[PDB]
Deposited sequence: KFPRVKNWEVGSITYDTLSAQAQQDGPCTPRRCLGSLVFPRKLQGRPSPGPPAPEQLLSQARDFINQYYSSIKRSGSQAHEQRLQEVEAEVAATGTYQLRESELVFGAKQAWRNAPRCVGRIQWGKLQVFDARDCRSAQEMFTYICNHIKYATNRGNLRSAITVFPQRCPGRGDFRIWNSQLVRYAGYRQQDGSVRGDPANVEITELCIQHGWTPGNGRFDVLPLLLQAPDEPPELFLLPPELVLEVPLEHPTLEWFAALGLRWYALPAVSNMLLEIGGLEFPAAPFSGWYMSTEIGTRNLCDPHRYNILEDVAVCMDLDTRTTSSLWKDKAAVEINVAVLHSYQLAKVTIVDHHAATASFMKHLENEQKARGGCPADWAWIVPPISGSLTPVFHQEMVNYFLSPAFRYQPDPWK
């Protein structure tokens, strides 16, 4: 009943006993594995389980306080169909959700998370203020700090609060007449939506998009982040002098804003969170994916590489230097960043810590292993077990 998990580099063996307690069910079946794919009484059950987790965490399970809390939750759900989380529970819940995220390699930092309680938010304007304060705190002038802001939970009698943008800071993507895209191709849809809602666009490759914020049962409202709040880093290479001339740059703060936070059966459709970048996401994914900025060929040509044949590994060489530039640039600008070697090494420690703590750790191998130099990192040689635990961060349909 317990999956044997082996590490092929050292040969060590462990058994995931935590998986046996996975809340929901994934896409896999004994007939076929779908691991590579990206995407009343029920409420009470989840609520009771979460409360049990909370009291267990503070070493007070089975106490009068524990029993009282369970009774209160039941009473509220019986009377309103929902319930109110206590401040301390929201904090605990948010940390667990990050802890439970199978695709996150930076989980060793799970317990260090600043939680901003915005459950009293009433308007899009107030949403904006909350978001600006989050960005300010999180950016901390380069010494990034992990944070999450939680807006009002989904209610049975009203619409949801939603942040239309996928991240708080993203670059516009403008479709050109010739069929090409200026800016980030991943952001074409949201870019066009902003324009449709009244935003006169820029014409650059790195235009910070306005926020399209939605209050319950109301059309989304446009808000522009003060430039002074958006910390960016100009990209240069330590030896390749011409690299800085490409005019490339990236933002400091990776802040996912389109996921749903689930705590004890309660759902928070708007709960943006942020940490700091692992260099490969910028250097490899954002800059080199064929469907993103796709700068590989241009960089290789500037590096005087032989792009005539694949065997020269011109692509690999260019990607490595682009990653070097990202690391060099962030360190120079004094903006928090972590390379894939340091990040994966820290995750191995996280796995060890979690084995002792809960007897396992939900991890998605395809996402944990970096987009470049996979086998050069320890996680590549580590077998993993992927499963769903709650509290959790979940994907949800776009509000439009």
- [ ] Note down, first to last, the deposited-sequence stretches for which the model contains no C-alpha atom.
- [x] 40-53, 415
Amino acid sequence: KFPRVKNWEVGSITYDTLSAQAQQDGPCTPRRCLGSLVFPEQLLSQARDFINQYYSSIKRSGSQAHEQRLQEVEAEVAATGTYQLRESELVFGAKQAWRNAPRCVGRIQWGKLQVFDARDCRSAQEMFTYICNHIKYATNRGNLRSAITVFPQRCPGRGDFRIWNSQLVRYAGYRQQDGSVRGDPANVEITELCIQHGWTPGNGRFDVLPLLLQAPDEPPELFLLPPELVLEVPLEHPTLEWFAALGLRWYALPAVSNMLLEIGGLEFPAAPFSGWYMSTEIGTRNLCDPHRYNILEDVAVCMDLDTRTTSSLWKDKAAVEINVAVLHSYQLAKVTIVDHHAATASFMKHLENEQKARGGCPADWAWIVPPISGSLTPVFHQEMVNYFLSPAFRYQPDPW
From here on, numbers count along this sequence of modelled residues.
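C-alpha atoms forming the largest set that superposes within 1.5 Å between two forms make up the rigid core.
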Task: More shifted region, core-based fit in 8 other deposited structures of this protein, 91-99 vs 75-83 by CA - done: 75-83
Task: Which of 172-180 and 249-257 strays further in 8 other deposited structures of this protein - Cα RMS after rigid core alignment - done: 172-180
- [ ] Would you tell me which stretch averages the higher CA B-factor in the PDB entry, 164-172 or 241-249?
- [x] 241-249
- [ ] Could you check the entry and say whether 215-223 or 268-276 has the higher mean CA B-factor?
- [x] 215-223
Task: Position of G142 among the chain's modelled residues by C-alpha B-factor, lowest, middle or highest third - done: middle
Task: Relative C-alpha B-factor of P290, binned into the chain's lowest, middle or highest third - done: middle
Task: Where the record places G204 (Cα B-factor, split into thirds across the chain) - done: middle
TODO: Just say lowest, middle or highest third for the CA B-factor of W110 relative to the other modelled residues in its chain.
DONE: middle
- [ ] Would you mind ranking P234 by its C-alpha B-factor against the rest of the chain and naming the third, lowest, middle or highest?
- [x] middle
